[PDB]
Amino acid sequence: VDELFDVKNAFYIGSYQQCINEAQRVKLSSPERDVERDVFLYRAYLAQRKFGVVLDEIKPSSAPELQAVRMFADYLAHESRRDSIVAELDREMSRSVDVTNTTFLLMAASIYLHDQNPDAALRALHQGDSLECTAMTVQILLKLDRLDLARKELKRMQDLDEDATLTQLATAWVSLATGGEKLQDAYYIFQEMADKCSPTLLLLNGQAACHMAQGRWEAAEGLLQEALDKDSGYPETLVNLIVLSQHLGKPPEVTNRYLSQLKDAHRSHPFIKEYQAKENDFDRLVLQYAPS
């Protein structure tokens, strides 16, 4: 049994502060486990957008896995530096990488996904053998609308460890993309993790998306209101509330309030940029049917 079970569990379901709290309490029964714990601790500070902690505390003498976390933190914190970091990453990968260092591969692939380079991220993940590497592949494959490939990678996680948190979570993502009967499946996975641990923003919206996919808008309203009460700035709640509002017949002034609230979500969800893009697409197509 894994001494870091609760720590990784808290991190993957989005319960970052519980992860940080539980990492600072566990006893150093190795130096392998010691570094693994510190990796999740700083990844949790990353998830809270507290990049300063990561950047200040991981020094050039710190372990290679921590250097990978700090690489990612440097990227997230410094927009001006992103293109150069990506460039250096490209060279590292072309040169030689410790393939057993899955923490490094996951950080590299994270950076690539944010730099909108799923090919590079998948190429990096392919080199690793770990459960989170497969899970991140499942996710990226789903984003590429390759439900078939995602199903194969998920089957790998299912054969290796059926009861693992990452395996349940990947099962839910695959189910949410499959639709049909499988949607109810996803819901209970999300529910079962909420009622073992704690209902996080991530799990609240997972459950919400399952309900909304079945057309059960009133059932989703409670979940979204609870998520809105926990954190007024989590964007996925705001987007889902727009969808839900319109399916409950509420006035356009509500959709407008959520759209204005989303410009201050201070978390980088693409929805507003896509929205403004479709605003520009529309203006241009107006001038195509009537060249004023």
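Note that residue numbering follows the sequence shown and begins at 1.
Student: Which has higher Cα B-factors on average according to the PDB entry: 30 to 38 or 66 to 74?
Tutor: Mean CA B-factor is higher for 30 to 38.
Student: Name the higher of the two by mean Cα B-factor in the PDB entry, 145 to 153 versus 193 to 201.
Tutor: Between 193 to 201 and 145 to 153, it is 193 to 201 that shows the higher mean C-alpha B-factor.
Student: What third of its chain, lowest, middle or highest, does the C-alpha temperature factor of residue 242 fall into?
Tutor: Answer is lowest: the recorded C-alpha B-factor places it there.
Student: Would you check the entry's CA temperature factor for residue 96 and let me know if it's in the chain's lowest, middle or highest third?
Tutor: Highest third of the chain for residue 96's C-alpha B-factor.
Student: Which third of the chain does residue 272 land in by C-alpha B-factor: lowest, middle or highest?
Tutor: Top third by C-alpha B-factor.
Student: Divide the modelled residues of the chain into thirds by Cα B-factor and specify which third, lowest, middle or highest, holds residue 44.
Tutor: It belongs to the lowest third of the chain when residues are ordered by C-alpha B-factor.
Student: Select lowest, middle or highest to describe the third in which the CA B-factor of residue 214 falls within its chain in this entry.
Tutor: Middle third by C-alpha B-factor.
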